[PDB]
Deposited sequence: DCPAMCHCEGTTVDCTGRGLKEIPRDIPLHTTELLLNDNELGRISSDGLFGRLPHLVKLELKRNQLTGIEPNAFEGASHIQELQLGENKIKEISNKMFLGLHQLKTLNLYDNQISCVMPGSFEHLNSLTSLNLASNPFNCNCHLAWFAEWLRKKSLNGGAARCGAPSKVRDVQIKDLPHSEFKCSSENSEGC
């Protein structure tokens, strides 16, 4: 068995470029890699499929026009270790969005539209060692002051994250700015 419109290499399931609007409900119990690249998904639903595939370690949802993830969608999915979310349309990052992924080591948010990050959004991720945040228009004001000091703390590749709003600090590395310059004046999320 293998989802009708996908391809199955070993424990790898490839449903890339199949024009999917929602993730196939019948994914084998032993899938290790799930590739849903180049589809038309829209947003991750909270039905708990992920927390139900105990062997899923890598999940790819690149180029899917994603503009959000329903709350508690990765609950029970402590197995996942790699999440490819590059090239989507996410603008905000909630704190009940990555809840459950405390074993995740890699998160790619490259080239999305993230401009603000809610406090406590990445704390649920104990194991993170790689965070790709390049090509994201971060709004560096009073609202993201907490986040700046969070990157320089956890200590990572920095995420390659840069400011894309405060004209002055534009194109500058979030981590390269003291929370003292992170001031809004005359929003966030």
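Novice: May I ask you to mark the stretches of the deposited sequence that the structure leaves without C-alpha coordinates?
Specialist: No C-alpha for residues 187-189, nothing else.
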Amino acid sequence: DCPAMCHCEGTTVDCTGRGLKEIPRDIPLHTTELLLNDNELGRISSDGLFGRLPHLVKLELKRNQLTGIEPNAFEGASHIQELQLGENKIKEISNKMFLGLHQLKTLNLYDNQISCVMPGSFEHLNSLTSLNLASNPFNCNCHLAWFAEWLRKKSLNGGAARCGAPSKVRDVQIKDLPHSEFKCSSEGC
From here on, numbers count along this sequence of modelled residues.
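Novice: Do the C-alpha atoms of 100-108 or of 68-76 have the higher average B factor in the entry?
Specialist: Mean C-alpha B-factor is greater for 68-76.
Novice: Quick check on the record: does 168-176 or 16-24 carry the larger mean Cα temperature factor?
Specialist: The stretch with the larger mean CA B-factor is 168-176.
Novice: Highest recorded C-alpha temperature factor, please, choosing from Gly48, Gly42, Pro54, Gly159.
Specialist: Of the options given, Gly159 has the highest CA B-factor in the PDB entry.
Novice: Ranked by Cα temperature factor within the chain, is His30 in the lowest third, the middle third or the highest third?
Specialist: For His30, the deposited C-alpha B-factor lands in the middle third.
Novice: For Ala148, does the deposited CA B-factor place it in the lowest, middle or highest third of the chain?
Specialist: It belongs to the highest third of the chain when residues are ordered by C-alpha B-factor.
Novice: Ranked by Cα temperature factor within the chain, is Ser155 in the lowest third, the middle third or the highest third?
Specialist: As the PDB entry reports it, the C-alpha B-factor of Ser155 lands in the highest third of its chain.
Novice: Could you say whether, by C-alpha temperature factor, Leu125 belongs to the lowest, middle or highest third of its chain?
Specialist: CA B-factor rank for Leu125: middle third.
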